[PDB]
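Residue numbers (the entry's author numbering), protein chains in the order written: chain A, 246 to 326; chain B, 734 to 814; chain C, 302 to 351; chain D, 52 to 101.
Positions of the beta carbon are idealized from the N, C-alpha and C atoms, including for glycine.
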Amino acid sequence: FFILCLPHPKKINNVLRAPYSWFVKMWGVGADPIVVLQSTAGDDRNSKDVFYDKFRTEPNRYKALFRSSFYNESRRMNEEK
Amino acid sequence: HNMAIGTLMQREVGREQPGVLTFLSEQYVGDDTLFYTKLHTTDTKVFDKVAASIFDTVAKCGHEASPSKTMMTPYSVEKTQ
Amino acid sequence: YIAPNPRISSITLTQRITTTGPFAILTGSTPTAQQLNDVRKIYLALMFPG
Amino acid sequence: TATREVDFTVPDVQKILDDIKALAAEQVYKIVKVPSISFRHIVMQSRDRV
Numbered sequence: 246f247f248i249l250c251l252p253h254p255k256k257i258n259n260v261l262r263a264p265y266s267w268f269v270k271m272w273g274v275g276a277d278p279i280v281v282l283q284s285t286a287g288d289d290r291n292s293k294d295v296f297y298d299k300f301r302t303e304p305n306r307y308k309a310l311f312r313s314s315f316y317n318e319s320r321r322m323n324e325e326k
Numbered sequence: 734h735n736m737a738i739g740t741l742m743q744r745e746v747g748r749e750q751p752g753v754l755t756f757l758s759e760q761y762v763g764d765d766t767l768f769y770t771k772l773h774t775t776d777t778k779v780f781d782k783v784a785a786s787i788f789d790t791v792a793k794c795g796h797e798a799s800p801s802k803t804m805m806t807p808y809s810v811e812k813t814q
Numbered sequence: 302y303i304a305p306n307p308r309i310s311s312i313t314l315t316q317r318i319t320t321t322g323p324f325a326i327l328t329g330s331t332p333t334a335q336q337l338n339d340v341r342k343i344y345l346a347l348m349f350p351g
Numbered sequence: 052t053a054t055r056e057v058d059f060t061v062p063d064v065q066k067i068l069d070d071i072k073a074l075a076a077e078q079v080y081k082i083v084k085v086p087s088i089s090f091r092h093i094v095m096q097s098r099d100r101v
């Protein structure tokens, strides 16, 4: 990474930070056994009073969803970037 | 302005592909929206048409939201860095 | 050897409201190599009665 | 050791309600303009009897 910016580091890093941030978001989303940290809070989706349980794994429900054309188009735009 | 756009987001999804993608939360901050929804089908064709009607609502408002910037994922969240 | 069906001793209601069985600390335990050989003696004394 | 075995003791109710809904769109019948064929004839080198 340091060799690539070193020509023009303020311009290279501003356009290479987008596929580096996108890679960490969409990493472990497609695997079939998914390990989560089981949490519990209020009925509202914005409740902050959360209680944590131990780790566990669960089968992914969205396994076949990532065969779509939304992600396949979104991945080649990031490989272009 | 994100609230007036985001309320037009839920209408066209409810009027072209009804019964899918019920909305449960609406968080609007500076230059960001965050919809906590749940998806009612793991389909390759139907989800490809629901995800197309979201971009057609923003583009027919005037803005240009990139498909590489838009996030539609089950197990990842970014909100205010 | 067949362990019993794990949902016999616990029912889950909504997402996070599950029944907790009475022997919840023994069912979530594991036999060592010595304590499993003692199990094989019990199924060696039941198939041969006297 | 807490995440080794894959879990199944909590049945996902939201998945089995999305499959009852998808079962309601199963079109059993069909709408056609002409009914299907039910008799065919073969010619035994004749002009009167098939």
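DSSP state of residue i mapped onto helix, strand, coil
| i | result |
| --- | --- |
| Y808/B | coil |
| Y307/A | coil |
| residue 104/D | No answer is possible for residue 104/D: the residues shown for chain D start at 52 and end at 101. |
| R744/B | helix |
| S786/B | helix |
| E759/B | strand |
| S284/A | strand |
| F247/A | helix |
| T328/C | helix |
| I279/A | strand |
| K72/D | helix |
| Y297/A | strand |
| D339/C | helix |
| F315/A | helix |
Contacts of residue i in chain C (Cβ-Cβ under 8 Å)
| i | result |
| --- | --- |
| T60/D | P307, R308, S311 and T313 |
Residue j beta carbon less than 9 Å from that of residue i
| i | j | result |
| --- | --- | --- |
| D58/D | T285/A | no |
| residue 829/B | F756/B | Nothing in the structure corresponds to residue 829/B, since chain B is present only between 734 and 814. |
| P307/C | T54/D | no |
| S801/B | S319/A | yes |
| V791/B | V753/B | no |
| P264/A | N323/A | yes |
| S758/B | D289/A | yes |
| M805/B | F268/A | no |
| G275/A | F311/A | yes |
Within chain A, partners of residue i - CB distance below 7 Å
| i | result |
| --- | --- |
| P751/B | The contacting residues do not exist; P751/B stays about 20 Å from chain A at best. |
| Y761/B | Simply none; closest approach about 12 Å. |
| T740/B | Going along chain A, no residue has its Cβ under 7 Å from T740/B, so there is no contact; the nearest lies around 17 Å. |
| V57/D | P278, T302 and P304 |
Contacts of residue i in chain B (Cβ-Cβ under 8 Å)
| i | result |
| --- | --- |
| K293/A | Neighbours of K293/A on chain B: none; closest Cβ ~13 Å, over 8 Å. |
| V274/A | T806, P807, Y808 and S809 |
| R262/A | Here the premise fails: no neighbours, minimum Cβ distance about 12 Å. |
Beta-carbon neighbours of residue i, restricted to chain A and to distances below 8 Å
| i | result |
| --- | --- |
| residue 817/B | This structure does not reach residue 817/B, given that chain B is present from 734 up to 814, and the question cannot be answered. |
| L757/B | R290 |
Listed by chain order, chain A residues near residue i by CB distance under 9 Å
| i | result |
| --- | --- |
| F780/B | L310, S313 and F315 |
| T777/B | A309, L310, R312, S313 and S314 |
Contacts that residue i makes with chain B (C-beta to C-beta distance below 7 Å)
| i | result |
| --- | --- |
| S319/A | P800 and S801 |
| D69/D | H773 and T774 |
Proximal chain D residues relative to residue i, where beta-carbon distance stays under 8 Å
| i | result |
| --- | --- |
| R306/A | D63 and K66 |
| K299/A | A53 |
Proximal chain B residues relative to residue i, where beta-carbon distance stays under 9 Å
| i | result |
| --- | --- |
| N323/A | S801 |
Chain D contacts from the segment 764-775 of chain B (Cβ-Cβ distance under 7 Å): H773 and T774
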